[PDB]
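Observations on the three-dimensional arrangement
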Amino acid sequence: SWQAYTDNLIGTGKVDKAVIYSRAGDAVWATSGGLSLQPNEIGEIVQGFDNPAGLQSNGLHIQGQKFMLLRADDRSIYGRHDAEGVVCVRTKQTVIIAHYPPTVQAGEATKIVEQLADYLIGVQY
């Protein structure tokens, strides 16, 4: 029920768009809210989990829009563009990317996406 995860994320209202890619970033397993990434944009994000150097320099591009990297480790990468942002989290088999609008506080968006990541990870995904 990959679709249930993304739908339930946007259902919370803390995230307005979300996509679950395979870890390799080569397959869309679920999408909600029409978030669309170009093949190279998803390639940059996937790599960034291992080496955020590039993302620190050029920024995160989501649908052509540029997001500044804020935080980045082996599992999470957070970005911002004015009052809106993007949360990218890598699990064992997927890469989740979610967008939150200006009407939402980064802390709430982040927490809800991270909680899905906790769930999938504890279940081998």
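Residues numbered from 1 in each chain as written, not as in the entry; some residues may be left out. Heavy atoms only, no water.

Looking at the entry header, you'll see X-ray crystallography listed as the method and 2.3 Å as the resolution.

The condition that has to hold: UniProt positions are given in the numbering used here, feature names are shortened, and annotations may be inferred rather than shown by experiment.
Where the PDB entry is consulted, the chain appears under the name PROFILIN, with the organism given as Saccharomyces cerevisiae. Looking at the PDB record, one finds the entry titled "SACCHAROMYCES CEREVISIAE (YEAST) PROFILIN". In its Function section, the UniProt entry covering the chain states "Binds to actin and affects the structure of the cytoskeleton. At high concentrations, profilin prevents the polymerization of actin, whereas it enhances it at low concentrations. By binding to PIP2, it inhibits the formation of IP3 and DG." You can read under Sequence similarities in the UniProt record for the chain the words "Belongs to the profilin family."

**Digging into the pairing of strand β1 (residues 17–22)**
The side chains of a regular strand alternate, first on one face of the sheet and then on the other. Our working definition: Working definition: with a 1.4 Å probe on protein chains only, accessible area under 20% of the residue-type maximum means buried, over 50% means exposed, and in between means partly exposed. A run of H or I in DSSP becomes a helix once it reaches four residues, and a run of E becomes a strand once it reaches two; helices and strands are each numbered from the N terminus. Here, any two strands with at least 2 DSSP bridges between them count as paired.
When you tally the buried positions in β1, you get 5 out of 6 residues, the bulk of the element. Bridge count for β1 against strand β7 (residues 94–100) is 6 bridges, and the pairing is antiparallel. Paired with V19 across the two strands is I97, which belongs to β7. In the sheet, β1 pairs with strand β2 (residues 28–32) via 4 bridges, with the strands oriented antiparallel. By the bridge assignment, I20 is partnered in β2 with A30. Counting the residues between successive antiparallel strands, the hairpin from β1 to β2 contains 5 residues, one of them, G25, with a positive phi of roughly 70 degrees.

**Considerations on the packing of aromatic side chains**
Let me state the cut-off plainly: Only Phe, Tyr and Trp rings take part, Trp by its six-membered ring, and two of them pair if their centres are within 6.5 Å. Stacked means planes under 30 degrees apart, edge-to-face means over 60, and tilted covers everything else.
Within the structure shown, the criterion is met by 4 aromatic pairs. Both rings, one in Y5 and one in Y119, keep their centres 6.3 Å apart while their planes meet at 55 degrees; by these two values the pair is tilted. Linking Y5 in helix α1 (residues 2–11) with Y119 in helix α4 (residues 106–122), this pair joins segments that are 114 residues apart in sequence. The class of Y5 is partly exposed, set by a relative accessible area of 22%.

**A closer look at unusual backbone geometry**
Backbone geometry places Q63, a non-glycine residue, at a positive phi of 55 degrees. As for its placement among the helices and strands, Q63 is situated in the loop between β3 (60–62) and β4 (65–72). Relative accessible area serves as the criterion here: at 46%, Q63 is assigned to the partly exposed category. Even without a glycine there, the phi angle at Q124 is positive, about 75 degrees.

**Quick notes on a nonpolar patch on the surface**
Which entries qualify depends on this criterion: Candidate patch residues must exceed 30% relative accessible area and have no salt bridge, after which like charges are joined if within 9 Å and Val, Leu, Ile, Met, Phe, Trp or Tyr side chains if within 5 Å. Surface exposure here means Shrake-Rupley accessible area, sampled with a 1.4 Å probe, where a residue is shielded only by the protein chains that are shown. Salt bridges are identified by distance alone: a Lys or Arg side-chain nitrogen within 4 Å of an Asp or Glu carboxyl oxygen.
Taken together, the side chains of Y119, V123 and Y125 present a nonpolar region at the surface, about 280 Å² in accessible area. Along the chain, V123 turns up in the segment after α4.

**Regarding the pairing of strand β5 (residues 76–81)**
Relative to β5, β4 runs antiparallel, the two sharing 4 bridges. Bridge assignment links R71 to a residue of β5, and that residue is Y78. Counting the residues that bridge the hairpin from β4 to β5 gives 3 residues. Sheet topology note: the β5/strand β6 (residues 84–90) ladder contains 6 bridges and is antiparallel. The residue of β6 that forms the bridge with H81 is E84. From the end of β5 to the start of β6, which pair antiparallel, there are 2 residues, and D82 there has a positive phi angle of about 65 degrees.

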